[PDB]
Amino acid sequence: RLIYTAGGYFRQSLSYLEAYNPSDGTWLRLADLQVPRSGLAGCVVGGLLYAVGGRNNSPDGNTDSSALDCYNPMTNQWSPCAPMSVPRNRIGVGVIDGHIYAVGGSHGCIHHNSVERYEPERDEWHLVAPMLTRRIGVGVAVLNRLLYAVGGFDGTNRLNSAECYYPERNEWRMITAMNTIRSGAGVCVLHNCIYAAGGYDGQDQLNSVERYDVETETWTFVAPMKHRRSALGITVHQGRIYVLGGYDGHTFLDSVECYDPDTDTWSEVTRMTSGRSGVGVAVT
Ligand SMILES: CCn1nnc2c(C)c([C@@H](CC(=O)O)c3ccc4c(c3)CN(C(=O)c3ccccc3)CC4)ccc21
């Protein structure tokens with residue numbers, strides 16, 4: 001399985017789709033997105049890569065995207081799907097039982113607290129219960145068939161709070177807040193724990209990383225990354241966390257760090273073909 005990185009931003013929204021093979025250390029250049037996208041989120045359902053939301057910030061215009069596009073690795077083709085009810089720039093995405101949940105995001109200056117769910121076998125979006133907080137740049141993690149939305153930006157303050165969505169009950173419940181305010185951080189699930197890495201606390205870009213244990217209801221710092229990163233791509237591949245690119249306050253990073261939970265260590269493993277931030281990343 002490969003680590004796919006779709007879109008991104010560097011002076012403008014990008015159309016790149018590249019894939020990393022963690023065993024051979026090789027990079028693949030695949031079919032470009034039809035529309036350049038930054039601030040999107042990626043996910044995989046049924047071996048198909050999906051690109052949700054974001055926007056195309058160009059030197060000629062700026063349009064937030066309600067689009068859903070699905071890349072087929074066997075055909076190397078992007079195909080458009082049913083758009084969402086609203087444009088969702090800086091979106092969070094999670095997958096439960098084959099359904100793509102789209103969390104928060106912004107449309108111009110409107111910061112969403114609404115959530116919609118996509119059925120791939122019917123090409124249809126449907127609104128579910130809205131979150132208790134408006135969140136853009138929110139991280140999303142699926143654990144125990146529950147959906148966790150972590151941090152983000154509510155329109156006035158960057159958030160350290162987090163809430164949990166219960167699909168069978170269609171309700172949100174606030175959980176323990178993190179130790180650090182994080183917007184545009186990398187949120188993933190590794191070994192029954194929710195990891196949150198990097199982000200932006202309103203003043204600086206962070207290198208700190210904390211993980212949440214569902215049963216202790218406590219956030220715990222772990223070893224920090226070698227680079228400060230915000231708006232980074234994150235995913236899990238064979239028991240290790242990979243973070244890609246991001247913004248460090250000066251440069252757009254091309255570094256790719258790898259976190260091993262057994263030794264609690266971050267190690268640079270590769271570099272992308274160019275620096276970028278706000279990418280959509282998924283594994284298939
Ligand atoms: C500049 C200070 N700075 N440094 N870090 C910042 C972050 C994370 C944000 C948030 C918004 C906010 O928290 O109000 C935010 C969250 C998600 C996305 C973007 C921005 C825009 N994203 C970009 O590609 C991008 C481009 C350039 C720089 C950073 C990110 C992708 C998606 C804003 C401001 C921040």
# chains A, B, ... in the order shown; residues from 1 in each chain; ligands from 1
call {"tool": "residues_near_ligand", "arguments": {"ligand": "ligand 1", "cutoff": "6 Å", "atoms": "only C-alpha atoms and all ligand atoms", "output": "number ranges by chain"}}
result
A: 9, 38-39, 90, 137, 153, 158, 183-184, 199-200, 205, 230-231, 247, 277-278
call {"tool": "residues_around", "arguments": {"residues": "residue 65 in chain A", "least_positions_apart": "6", "cutoff": "9 Å", "atoms": "only C-alpha atoms", "output": "list in words"}}
result
residues 37, 40, 52, 53, 54, 55, 56, 83, 84, 86, 87, 88, 89 and 107 of chain A
call {"tool": "residues_around", "arguments": {"residues": "residue 229 in chain A", "least_positions_apart": "2", "cutoff": "12 Å", "atoms": "only C-alpha atoms", "output": "MDAnalysis selection string"}}
result
chainID A and resid 182:186 196:201 204:209 224:227 231:234 243:257 276:278
call {"tool": "write_last_selection", "arguments": {"atoms": "C-alpha atoms", "output": "short mmCIF file (atom, residue, chain, number, x, y, z; two decimals), in the first residue's frame"}}
result
data_model
loop_
_atom_site.label_atom_id
_atom_site.label_comp_id
_atom_site.auth_asym_id
_atom_site.auth_seq_id
_atom_site.Cartn_x
_atom_site.Cartn_y
_atom_site.Cartn_z
CA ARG A 182 -4.05 23.47 17.97
CA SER A 183 -5.48 24.57 14.62
CA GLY A 184 -4.39 22.92 11.39
CA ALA A 185 -2.74 20.07 13.28
CA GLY A 186 -2.32 16.46 12.20
CA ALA A 196 -2.51 15.23 17.55
CA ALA A 197 0.70 16.63 16.09
CA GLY A 198 1.83 20.16 15.28
CA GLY A 199 -0.69 22.87 14.55
CA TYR A 200 -0.96 26.59 15.16
CA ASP A 201 -1.72 28.07 18.59
CA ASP A 204 3.51 30.11 16.61
CA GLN A 205 3.62 26.83 14.74
CA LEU A 206 4.02 23.87 17.07
CA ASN A 207 6.24 20.80 17.12
CA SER A 208 4.56 19.27 20.18
CA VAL A 209 2.57 16.03 19.92
CA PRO A 224 7.94 16.22 19.63
CA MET A 225 8.65 16.45 15.93
CA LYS A 226 11.98 17.72 14.61
CA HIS A 227 10.19 20.48 12.66
CA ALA A 231 -1.47 22.54 8.08
CA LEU A 232 0.44 19.28 7.75
CA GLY A 233 -0.64 16.00 6.21
CA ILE A 234 -0.75 12.97 8.51
CA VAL A 243 3.62 13.65 8.67
CA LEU A 244 4.12 15.43 5.34
CA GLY A 245 4.97 19.05 4.56
CA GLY A 246 3.30 21.91 6.38
CA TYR A 247 4.11 25.49 7.31
CA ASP A 248 6.81 26.34 9.86
CA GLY A 249 6.32 30.12 9.93
CA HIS A 250 8.95 30.80 7.25
CA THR A 251 9.15 27.93 4.75
CA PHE A 252 6.74 25.44 3.24
CA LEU A 253 8.21 22.13 4.35
CA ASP A 254 9.02 19.19 2.11
CA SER A 255 10.21 17.03 5.02
CA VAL A 256 8.50 13.76 5.93
CA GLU A 257 8.97 12.59 9.52
CA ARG A 276 3.70 22.33 0.24
CA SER A 277 1.08 22.63 2.97
CA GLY A 278 -2.61 21.83 3.34
#
call {"tool": "closest_residue", "arguments": {"among": "A:102, A:149, A:45, A:51", "to": "residue 5 in chain A", "atoms": "only C-alpha atoms"}}
result
A:51
call {"tool": "residues_around", "arguments": {"residues": "residue 169 in chain A", "least_positions_apart": "4", "cutoff": "12 Å", "atoms": "only C-alpha atoms", "output": "list in words"}}
result
residues 128, 129, 145, 146, 164, 165 and 173 of chain A
call {"tool": "write_last_selection", "arguments": {"atoms": "N, CA, C and O atoms", "output": "PDB file, in the first residue's frame"}}
result
ATOM      1  N   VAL A 128     -25.992  15.317   9.082  1.00  0.00           N
ATOM      2  CA  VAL A 128     -26.217  14.653  10.360  1.00  0.00           C
ATOM      3  C   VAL A 128     -26.201  15.716  11.450  1.00  0.00           C
ATOM      4  O   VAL A 128     -26.202  16.916  11.155  1.00  0.00           O
ATOM      5  N   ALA A 129     -26.188  15.286  12.706  1.00  0.00           N
ATOM      6  CA  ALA A 129     -26.241  16.225  13.817  1.00  0.00           C
ATOM      7  C   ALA A 129     -25.050  17.177  13.761  1.00  0.00           C
ATOM      8  O   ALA A 129     -23.911  16.729  13.569  1.00  0.00           O
ATOM      9  N   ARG A 145     -15.666   2.981  16.216  1.00  0.00           N
ATOM     10  CA  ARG A 145     -16.851   3.414  15.478  1.00  0.00           C
ATOM     11  C   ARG A 145     -17.418   4.727  16.012  1.00  0.00           C
ATOM     12  O   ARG A 145     -18.611   5.006  15.845  1.00  0.00           O
ATOM     13  N   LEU A 146     -16.583   5.535  16.661  1.00  0.00           N
ATOM     14  CA  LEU A 146     -16.937   6.879  17.087  1.00  0.00           C
ATOM     15  C   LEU A 146     -16.037   7.878  16.375  1.00  0.00           C
ATOM     16  O   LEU A 146     -14.894   7.568  16.026  1.00  0.00           O
ATOM     17  N   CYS A 164     -17.024  14.384  20.508  1.00  0.00           N
ATOM     18  CA  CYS A 164     -17.159  13.024  20.005  1.00  0.00           C
ATOM     19  C   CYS A 164     -18.551  12.833  19.420  1.00  0.00           C
ATOM     20  O   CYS A 164     -19.548  13.182  20.059  1.00  0.00           O
ATOM     21  N   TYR A 165     -18.619  12.286  18.209  1.00  0.00           N
ATOM     22  CA  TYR A 165     -19.885  12.029  17.535  1.00  0.00           C
ATOM     23  C   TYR A 165     -20.262  10.560  17.680  1.00  0.00           C
ATOM     24  O   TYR A 165     -19.438   9.674  17.432  1.00  0.00           O
ATOM     25  N   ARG A 173     -20.848  14.895  22.000  1.00  0.00           N
ATOM     26  CA  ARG A 173     -20.545  15.063  23.415  1.00  0.00           C
ATOM     27  C   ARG A 173     -19.133  15.613  23.535  1.00  0.00           C
ATOM     28  O   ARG A 173     -18.205  15.085  22.912  1.00  0.00           O
TER      29      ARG A 173
END
call {"tool": "residues_around", "arguments": {"residues": "residue 31 in chain A", "least_positions_apart": "4", "cutoff": "12 Å", "atoms": "only C-alpha atoms", "output": "PyMOL selection string"}}
result
chain A and resi 4-7+15-19+35+70-79
call {"tool": "write_last_selection", "arguments": {"atoms": "C-alpha atoms", "output": "tab-separated table (two decimals), in the first residue's frame"}}
result
chain	number	residue	atom	x	y	z
A	4	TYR	CA	-0.98	9.29	-1.37
A	5	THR	CA	-0.69	13.08	-1.10
A	6	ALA	CA	-3.26	15.12	-3.03
A	7	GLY	CA	-3.27	18.86	-3.66
A	15	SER	CA	-2.94	19.91	-8.50
A	16	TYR	CA	-0.29	17.36	-7.50
A	17	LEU	CA	-1.10	13.74	-6.74
A	18	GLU	CA	1.99	11.83	-5.62
A	19	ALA	CA	2.40	8.52	-3.80
A	35	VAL	CA	-9.06	21.46	-10.18
A	70	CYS	CA	-12.55	10.13	-6.29
A	71	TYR	CA	-9.26	8.83	-7.71
A	72	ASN	CA	-9.14	5.21	-8.89
A	73	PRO	CA	-5.61	3.75	-8.53
A	74	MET	CA	-6.37	0.94	-11.00
A	75	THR	CA	-7.31	3.41	-13.75
A	76	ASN	CA	-5.25	6.48	-12.71
A	77	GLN	CA	-8.32	8.65	-13.23
A	78	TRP	CA	-10.12	11.30	-11.20
A	79	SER	CA	-13.92	11.22	-11.33
call {"tool": "atom_distance", "arguments": {"atom1": "CA of residue 160 in chain A", "atom2": "CA of residue 95 in chain A"}}
result
22.6 Å
call {"tool": "closest_residue", "arguments": {"among": "A:270, A:170, A:235, A:58", "to": "residue 139 in chain A", "atoms": "only C-alpha atoms"}}
result
A:235
call {"tool": "closest_residue", "arguments": {"among": "A:181, A:132, A:115, A:2", "to": "residue 24 in chain A", "atoms": "only C-alpha atoms"}}
result
A:2
call {"tool": "closest_residue", "arguments": {"among": "A:13, A:274, A:23, A:34", "to": "residue 63 in chain A", "atoms": "only C-alpha atoms"}}
result
A:13
call {"tool": "select_by_dssp", "arguments": {"residues": "range 43-266 of chain A", "states": "strand (DSSP E)", "output": "ChimeraX atom specification"}}
result
/A:43-45,48-52,55-57,62-64,68-72,77-80,92-96,99-103,106-107,110-111,115-119,124-128,139-143,146-153,158-166,171-175,186-190,193-197,209-213,218-222,233-237,240-244,255-260,265-266
call {"tool": "residues_around", "arguments": {"residues": "residue 223 in chain A", "least_positions_apart": "5", "cutoff": "10 Å", "atoms": "only C-alpha atoms", "output": "list in words"}}
result
residues 207, 208, 209, 210, 259, 261, 263, 264, 265 and 266 of chain A
call {"tool": "write_last_selection", "arguments": {"atoms": "N, CA and C atoms", "output": "PDB file, in the first residue's frame"}}
result
ATOM      1  N   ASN A 207       5.654  22.110  17.351  1.00  0.00           N
ATOM      2  CA  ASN A 207       6.240  20.800  17.115  1.00  0.00           C
ATOM      3  C   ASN A 207       5.795  19.775  18.148  1.00  0.00           C
ATOM      4  N   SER A 208       4.996  20.180  19.133  1.00  0.00           N
ATOM      5  CA  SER A 208       4.563  19.265  20.178  1.00  0.00           C
ATOM      6  C   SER A 208       3.541  18.270  19.641  1.00  0.00           C
ATOM      7  N   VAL A 209       3.483  17.108  20.287  1.00  0.00           N
ATOM      8  CA  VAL A 209       2.573  16.029  19.917  1.00  0.00           C
ATOM      9  C   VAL A 209       1.995  15.440  21.195  1.00  0.00           C
ATOM     10  N   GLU A 210       0.670  15.327  21.260  1.00  0.00           N
ATOM     11  CA  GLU A 210       0.008  14.707  22.397  1.00  0.00           C
ATOM     12  C   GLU A 210      -0.984  13.663  21.909  1.00  0.00           C
ATOM     13  N   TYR A 259       7.151   8.670  13.010  1.00  0.00           N
ATOM     14  CA  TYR A 259       7.121   8.442  14.447  1.00  0.00           C
ATOM     15  C   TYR A 259       6.925   6.958  14.731  1.00  0.00           C
ATOM     16  N   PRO A 261       6.052   4.414  17.681  1.00  0.00           N
ATOM     17  CA  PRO A 261       5.558   4.435  19.065  1.00  0.00           C
ATOM     18  C   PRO A 261       6.349   3.541  20.003  1.00  0.00           C
ATOM     19  N   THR A 263       9.681   3.042  20.242  1.00  0.00           N
ATOM     20  CA  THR A 263      10.821   3.776  20.769  1.00  0.00           C
ATOM     21  C   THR A 263      10.521   5.244  21.036  1.00  0.00           C
ATOM     22  N   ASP A 264       9.331   5.725  20.665  1.00  0.00           N
ATOM     23  CA  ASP A 264       8.912   7.106  20.912  1.00  0.00           C
ATOM     24  C   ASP A 264       9.900   8.094  20.287  1.00  0.00           C
ATOM     25  N   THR A 265      10.098   7.951  18.979  1.00  0.00           N
ATOM     26  CA  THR A 265      11.121   8.711  18.276  1.00  0.00           C
ATOM     27  C   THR A 265      10.614   9.137  16.906  1.00  0.00           C
ATOM     28  N   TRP A 266      10.905  10.384  16.544  1.00  0.00           N
ATOM     29  CA  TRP A 266      10.652  10.904  15.210  1.00  0.00           C
ATOM     30  C   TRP A 266      11.931  10.839  14.388  1.00  0.00           C
TER      31      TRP A 266
END
call {"tool": "closest_residue", "arguments": {"among": "A:123, A:275, A:130, A:218", "to": "residue 12 in chain A", "atoms": "only C-alpha atoms"}}
result
A:275
call {"tool": "atom_distance", "arguments": {"atom1": "CA of residue 105 in chain A", "atom2": "CA of residue 152 in chain A"}}
result
9.3 Å
call {"tool": "closest_residue", "arguments": {"among": "A:61, A:49, A:126, A:33", "to": "residue 281 in chain A", "atoms": "only C-alpha atoms"}}
result
A:49
call {"tool": "atom_distance", "arguments": {"atom1": "CA of residue 66 in chain A", "atom2": "CA of residue 241 in chain A"}}
result
28.7 Å
call {"tool": "decode", "arguments": {"residues": "range 143-178 of chain A", "atoms": "N, CA, C and O atoms", "output": "PDB file, in the first residue's frame"}}
result
ATOM      1  N   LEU A 143     -12.428   6.247  16.047  1.00  0.00           N
ATOM      2  CA  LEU A 143     -11.992   5.277  17.042  1.00  0.00           C
ATOM      3  C   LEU A 143     -13.210   4.585  17.630  1.00  0.00           C
ATOM      4  O   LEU A 143     -14.130   5.252  18.111  1.00  0.00           O
ATOM      5  N   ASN A 144     -13.214   3.250  17.580  1.00  0.00           N
ATOM      6  CA  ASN A 144     -14.292   2.433  18.147  1.00  0.00           C
ATOM      7  C   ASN A 144     -15.645   2.787  17.535  1.00  0.00           C
ATOM      8  O   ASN A 144     -16.656   2.885  18.236  1.00  0.00           O
ATOM      9  N   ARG A 145     -15.666   2.981  16.216  1.00  0.00           N
ATOM     10  CA  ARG A 145     -16.851   3.414  15.478  1.00  0.00           C
ATOM     11  C   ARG A 145     -17.418   4.727  16.012  1.00  0.00           C
ATOM     12  O   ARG A 145     -18.611   5.006  15.845  1.00  0.00           O
ATOM     13  N   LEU A 146     -16.583   5.535  16.661  1.00  0.00           N
ATOM     14  CA  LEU A 146     -16.937   6.879  17.087  1.00  0.00           C
ATOM     15  C   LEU A 146     -16.037   7.878  16.375  1.00  0.00           C
ATOM     16  O   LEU A 146     -14.894   7.568  16.026  1.00  0.00           O
ATOM     17  N   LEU A 147     -16.557   9.082  16.161  1.00  0.00           N
ATOM     18  CA  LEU A 147     -15.844  10.126  15.438  1.00  0.00           C
ATOM     19  C   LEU A 147     -15.438  11.234  16.398  1.00  0.00           C
ATOM     20  O   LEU A 147     -16.281  11.773  17.123  1.00  0.00           O
ATOM     21  N   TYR A 148     -14.153  11.573  16.395  1.00  0.00           N
ATOM     22  CA  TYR A 148     -13.606  12.608  17.261  1.00  0.00           C
ATOM     23  C   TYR A 148     -13.135  13.781  16.415  1.00  0.00           C
ATOM     24  O   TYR A 148     -12.363  13.599  15.468  1.00  0.00           O
ATOM     25  N   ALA A 149     -13.601  14.978  16.756  1.00  0.00           N
ATOM     26  CA  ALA A 149     -13.172  16.210  16.107  1.00  0.00           C
ATOM     27  C   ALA A 149     -12.366  17.017  17.112  1.00  0.00           C
ATOM     28  O   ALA A 149     -12.867  17.347  18.193  1.00  0.00           O
ATOM     29  N   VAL A 150     -11.127  17.335  16.753  1.00  0.00           N
ATOM     30  CA  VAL A 150     -10.124  17.808  17.698  1.00  0.00           C
ATOM     31  C   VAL A 150      -9.618  19.173  17.254  1.00  0.00           C
ATOM     32  O   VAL A 150      -9.152  19.330  16.118  1.00  0.00           O
ATOM     33  N   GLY A 151      -9.705  20.151  18.152  1.00  0.00           N
ATOM     34  CA  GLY A 151      -9.147  21.471  17.936  1.00  0.00           C
ATOM     35  C   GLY A 151      -9.839  22.216  16.810  1.00  0.00           C
ATOM     36  O   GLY A 151     -11.036  22.055  16.553  1.00  0.00           O
ATOM     37  N   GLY A 152      -9.069  23.049  16.130  1.00  0.00           N
ATOM     38  CA  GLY A 152      -9.568  23.853  15.040  1.00  0.00           C
ATOM     39  C   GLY A 152      -9.642  25.326  15.389  1.00  0.00           C
ATOM     40  O   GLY A 152      -8.975  25.823  16.303  1.00  0.00           O
ATOM     41  N   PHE A 153     -10.480  26.038  14.639  1.00  0.00           N
ATOM     42  CA  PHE A 153     -10.655  27.477  14.793  1.00  0.00           C
ATOM     43  C   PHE A 153     -12.135  27.789  14.640  1.00  0.00           C
ATOM     44  O   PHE A 153     -12.741  27.432  13.626  1.00  0.00           O
ATOM     45  N   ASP A 154     -12.718  28.446  15.641  1.00  0.00           N
ATOM     46  CA  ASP A 154     -14.160  28.653  15.674  1.00  0.00           C
ATOM     47  C   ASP A 154     -14.606  29.945  15.001  1.00  0.00           C
ATOM     48  O   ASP A 154     -15.810  30.211  14.945  1.00  0.00           O
ATOM     49  N   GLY A 155     -13.672  30.748  14.488  1.00  0.00           N
ATOM     50  CA  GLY A 155     -13.968  32.032  13.890  1.00  0.00           C
ATOM     51  C   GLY A 155     -13.398  33.204  14.664  1.00  0.00           C
ATOM     52  O   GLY A 155     -13.134  34.258  14.071  1.00  0.00           O
ATOM     53  N   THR A 156     -13.211  33.046  15.970  1.00  0.00           N
ATOM     54  CA  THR A 156     -12.597  34.067  16.810  1.00  0.00           C
ATOM     55  C   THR A 156     -11.384  33.562  17.576  1.00  0.00           C
ATOM     56  O   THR A 156     -10.400  34.292  17.709  1.00  0.00           O
ATOM     57  N   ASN A 157     -11.424  32.331  18.079  1.00  0.00           N
ATOM     58  CA  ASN A 157     -10.330  31.772  18.860  1.00  0.00           C
ATOM     59  C   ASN A 157      -9.970  30.392  18.336  1.00  0.00           C
ATOM     60  O   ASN A 157     -10.849  29.611  17.960  1.00  0.00           O
ATOM     61  N   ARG A 158      -8.673  30.097  18.315  1.00  0.00           N
ATOM     62  CA  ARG A 158      -8.230  28.742  18.026  1.00  0.00           C
ATOM     63  C   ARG A 158      -8.487  27.856  19.239  1.00  0.00           C
ATOM     64  O   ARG A 158      -8.336  28.286  20.386  1.00  0.00           O
ATOM     65  N   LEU A 159      -8.884  26.614  18.980  1.00  0.00           N
ATOM     66  CA  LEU A 159      -9.491  25.764  19.993  1.00  0.00           C
ATOM     67  C   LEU A 159      -8.541  24.672  20.466  1.00  0.00           C
ATOM     68  O   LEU A 159      -7.730  24.147  19.699  1.00  0.00           O
ATOM     69  N   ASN A 160      -8.663  24.340  21.750  1.00  0.00           N
ATOM     70  CA  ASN A 160      -8.067  23.145  22.326  1.00  0.00           C
ATOM     71  C   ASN A 160      -9.118  22.115  22.710  1.00  0.00           C
ATOM     72  O   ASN A 160      -8.764  21.025  23.172  1.00  0.00           O
ATOM     73  N   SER A 161     -10.398  22.433  22.533  1.00  0.00           N
ATOM     74  CA  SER A 161     -11.481  21.537  22.893  1.00  0.00           C
ATOM     75  C   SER A 161     -11.642  20.436  21.847  1.00  0.00           C
ATOM     76  O   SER A 161     -11.083  20.491  20.747  1.00  0.00           O
ATOM     77  N   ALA A 162     -12.424  19.422  22.207  1.00  0.00           N
ATOM     78  CA  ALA A 162     -12.674  18.291  21.328  1.00  0.00           C
ATOM     79  C   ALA A 162     -14.026  17.691  21.679  1.00  0.00           C
ATOM     80  O   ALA A 162     -14.443  17.706  22.840  1.00  0.00           O
ATOM     81  N   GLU A 163     -14.711  17.171  20.664  1.00  0.00           N
ATOM     82  CA  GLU A 163     -16.013  16.549  20.849  1.00  0.00           C
ATOM     83  C   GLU A 163     -16.054  15.212  20.121  1.00  0.00           C
ATOM     84  O   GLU A 163     -15.237  14.934  19.238  1.00  0.00           O
ATOM     85  N   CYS A 164     -17.024  14.384  20.508  1.00  0.00           N
ATOM     86  CA  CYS A 164     -17.159  13.024  20.005  1.00  0.00           C
ATOM     87  C   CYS A 164     -18.551  12.833  19.420  1.00  0.00           C
ATOM     88  O   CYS A 164     -19.548  13.182  20.059  1.00  0.00           O
ATOM     89  N   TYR A 165     -18.619  12.286  18.209  1.00  0.00           N
ATOM     90  CA  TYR A 165     -19.885  12.029  17.535  1.00  0.00           C
ATOM     91  C   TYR A 165     -20.262  10.560  17.680  1.00  0.00           C
ATOM     92  O   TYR A 165     -19.438   9.674  17.432  1.00  0.00           O
ATOM     93  N   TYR A 166     -21.511  10.307  18.076  1.00  0.00           N
ATOM     94  CA  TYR A 166     -22.013   8.956  18.268  1.00  0.00           C
ATOM     95  C   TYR A 166     -22.937   8.609  17.109  1.00  0.00           C
ATOM     96  O   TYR A 166     -24.083   9.082  17.075  1.00  0.00           O
ATOM     97  N   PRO A 167     -22.494   7.805  16.136  1.00  0.00           N
ATOM     98  CA  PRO A 167     -23.307   7.604  14.923  1.00  0.00           C
ATOM     99  C   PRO A 167     -24.666   6.975  15.177  1.00  0.00           C
ATOM    100  O   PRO A 167     -25.655   7.396  14.564  1.00  0.00           O
ATOM    101  N   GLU A 168     -24.752   5.974  16.056  1.00  0.00           N
ATOM    102  CA  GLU A 168     -26.040   5.329  16.296  1.00  0.00           C
ATOM    103  C   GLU A 168     -27.013   6.262  17.008  1.00  0.00           C
ATOM    104  O   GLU A 168     -28.225   6.181  16.779  1.00  0.00           O
ATOM    105  N   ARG A 169     -26.511   7.151  17.865  1.00  0.00           N
ATOM    106  CA  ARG A 169     -27.365   8.099  18.569  1.00  0.00           C
ATOM    107  C   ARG A 169     -27.502   9.432  17.847  1.00  0.00           C
ATOM    108  O   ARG A 169     -28.452  10.174  18.129  1.00  0.00           O
ATOM    109  N   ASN A 170     -26.583   9.749  16.932  1.00  0.00           N
ATOM    110  CA  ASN A 170     -26.563  11.032  16.224  1.00  0.00           C
ATOM    111  C   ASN A 170     -26.480  12.202  17.205  1.00  0.00           C
ATOM    112  O   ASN A 170     -27.268  13.148  17.152  1.00  0.00           O
ATOM    113  N   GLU A 171     -25.515  12.124  18.119  1.00  0.00           N
ATOM    114  CA  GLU A 171     -25.296  13.170  19.107  1.00  0.00           C
ATOM    115  C   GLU A 171     -23.807  13.450  19.238  1.00  0.00           C
ATOM    116  O   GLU A 171     -22.971  12.578  18.987  1.00  0.00           O
ATOM    117  N   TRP A 172     -23.487  14.678  19.634  1.00  0.00           N
ATOM    118  CA  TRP A 172     -22.125  15.077  19.952  1.00  0.00           C
ATOM    119  C   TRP A 172     -21.998  15.283  21.454  1.00  0.00           C
ATOM    120  O   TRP A 172     -22.926  15.771  22.106  1.00  0.00           O
ATOM    121  N   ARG A 173     -20.848  14.895  22.000  1.00  0.00           N
ATOM    122  CA  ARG A 173     -20.545  15.063  23.415  1.00  0.00           C
ATOM    123  C   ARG A 173     -19.133  15.613  23.535  1.00  0.00           C
ATOM    124  O   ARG A 173     -18.205  15.085  22.912  1.00  0.00           O
ATOM    125  N   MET A 174     -18.970  16.677  24.317  1.00  0.00           N
ATOM    126  CA  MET A 174     -17.646  17.252  24.509  1.00  0.00           C
ATOM    127  C   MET A 174     -16.789  16.324  25.360  1.00  0.00           C
ATOM    128  O   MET A 174     -17.262  15.735  26.336  1.00  0.00           O
ATOM    129  N   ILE A 175     -15.521  16.186  24.977  1.00  0.00           N
ATOM    130  CA  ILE A 175     -14.582  15.364  25.731  1.00  0.00           C
ATOM    131  C   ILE A 175     -13.514  16.263  26.337  1.00  0.00           C
ATOM    132  O   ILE A 175     -13.604  17.493  26.256  1.00  0.00           O
ATOM    133  N   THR A 176     -12.502  15.653  26.950  1.00  0.00           N
ATOM    134  CA  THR A 176     -11.451  16.418  27.608  1.00  0.00           C
ATOM    135  C   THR A 176     -10.673  17.253  26.599  1.00  0.00           C
ATOM    136  O   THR A 176     -10.313  16.780  25.517  1.00  0.00           O
ATOM    137  N   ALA A 177     -10.420  18.509  26.958  1.00  0.00           N
ATOM    138  CA  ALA A 177      -9.651  19.395  26.102  1.00  0.00           C
ATOM    139  C   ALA A 177      -8.168  19.043  26.163  1.00  0.00           C
ATOM    140  O   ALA A 177      -7.680  18.445  27.126  1.00  0.00           O
ATOM    141  N   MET A 178      -7.447  19.427  25.114  1.00  0.00           N
ATOM    142  CA  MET A 178      -6.029  19.130  25.034  1.00  0.00           C
ATOM    143  C   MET A 178      -5.226  20.082  25.916  1.00  0.00           C
ATOM    144  O   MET A 178      -5.736  21.075  26.442  1.00  0.00           O
TER     145      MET A 178
END
